Amino acid sequence: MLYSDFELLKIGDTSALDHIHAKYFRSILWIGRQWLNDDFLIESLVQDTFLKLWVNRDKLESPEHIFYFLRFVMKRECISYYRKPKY
DNA sequence: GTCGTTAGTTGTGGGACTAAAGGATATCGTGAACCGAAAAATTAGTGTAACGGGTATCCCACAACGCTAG
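So the first sequence is numbered by the entry's author numbering: it starts at 1 and just counts up by one.
Have a look at this one:
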């Protein structure tokens, strides 16, 4: 049975994350490049966004919701770096 | 008819490009709210004066003779 990637993420199978990563990696990279200008920090934030999606995988309800989550989170990460004294 | 071989491309990638002086730049995008951390300021509490001998030092002044008789 070929379940959709939403149910693979819900099950607890790590290859699901490979699927969502390979699908939305470049979109999240573009989202980050829109808000910042440091590719290093953008890549770090993309990794954090996907890992935090995996951690909060017990909070998704819709197949599209996953995508929304990613975009949302990634944006706010960029936003937080406007306030960090270190950065 | 079919498979490995060799040479000559062909596309693609990595590496060079005097010497002297000088040598200034400008650098977006914003989400909230609470807790913890330490660095700083404000506040509360206790106090001497002369005396006895005896002796160490200081400043300050003066002395350190000359003659006659038993």
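Beta carbons are placed, not taken as given, at the ideal position from N, Cα and C, and that holds for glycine.
Your pair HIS21 and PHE40 does not check out as a contact, with CB atoms roughly 19 Å apart and the cut at 8 Å.
For the 8 Å CB-CB criterion, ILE31 and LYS84 do not form a contact. Our two residues, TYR68 and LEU45, have alpha carbons roughly 16 Å apart in a direct line. When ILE79, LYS59, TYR24, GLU43 are compared, the shortest CA-CA separation from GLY12 is found for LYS59.
DSSP, reduced to helix, strand and coil, places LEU51 within a helical segment of the structure shown. By the criterion of a C-beta distance shorter than 6 Å, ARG57 is surrounded in its chain by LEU9, once the five residues flanking it on both sides are discounted.
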